[PDB]
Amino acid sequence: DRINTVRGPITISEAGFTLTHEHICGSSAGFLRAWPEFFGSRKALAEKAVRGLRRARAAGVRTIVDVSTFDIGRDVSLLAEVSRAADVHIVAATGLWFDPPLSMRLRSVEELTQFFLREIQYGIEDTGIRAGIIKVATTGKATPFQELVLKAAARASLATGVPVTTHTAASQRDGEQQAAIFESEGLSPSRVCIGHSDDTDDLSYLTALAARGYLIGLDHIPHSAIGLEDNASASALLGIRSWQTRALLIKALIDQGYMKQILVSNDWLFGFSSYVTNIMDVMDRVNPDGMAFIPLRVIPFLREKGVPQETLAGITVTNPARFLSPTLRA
């Protein structure tokens, strides 16, 4: 009946319009505190995030789920600061992405389970802020270590009711193996969002996962290098499919009958240090609306394509609350 945020528990009603895959800052463990000048300053970064979150809020957003893990350099104290300043709820994450350091990579499934449970049940670092989601990642067939991460994630989720959300390379159809591993632990698909799923045009891959009860994370909508195709790093990260093509997968799934399984987001950030130095600026050039891109551009676009506003509210308000509210079987 409550969802953990960086400012404490909130009710389902309070969550309102929720972006389910976002980042305050995409970085690495310890990096923001060691090298804040990378971002101009910590103060500059915070101010940029507050401005963006306020614009998102003005456009209707009430909550974001920051899926930054330990190895994305999640700094929950920065999350609490910007959540307060912008008056937008922020759900923090545990789990591991695809940059774990040796102190993580050398750990067993039982140890990883203890760590994910600590961040959910006890708190992150010494902040007392508890995670409300578990983030995991594969990029192709899981490595032995990623299998342990996925199993530990399933176990943390089975012990707490907190859902799991994933990074995929969708072109690799990663969600199928992720699903196999999750189900081998007995995790309910209702507690799992297969992320970056808008990276594929293969609808049957998505419908087949949806038919099994998985949530489908269409969270990369504004990610496009259209207009800057000769920028190799940007093209590699963002792809060359338009935002409109990605958004139309939302309508496709609705039409098939899976509106209840759909989660949408921007996968935006306000700082970004794990890639080429100025990738944040290039991204801002692509999508000046930032996290307001979903409410400001995607929802009117889908309404124009005939999707009722009520279906869109179901997707952006009802689905996220059902997903996040702790349970073993939603």
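In this text, residue numbers run from 1 along the sequence as written.
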query	finding
Of 299-307 and 65-73, the stretch whose C-alpha atoms average the higher B-factor in the entry	299-307
Residue range whose averaged C-alpha B-factor is higher in the record, 130-138 or 199-207	199-207
Identity of residue with top Cα B-factor, from 283, 294, 269, 44	44
Member of 91, 96, 170, 192 with the greatest C-alpha B factor (per the PDB record)	170
Within-chain third of residue 122 by Cα B-factor, per the entry	highest
CA B-factor ranking of residue 148, expressed as a third of its chain	lowest
Ranked against its chain, the third holding the CA B-factor of residue 20	lowest
Residue 58 CA temperature factor, ranked by third within the chain	highest
Chain thirds of CA B-factor: placement of residue 188	lowest
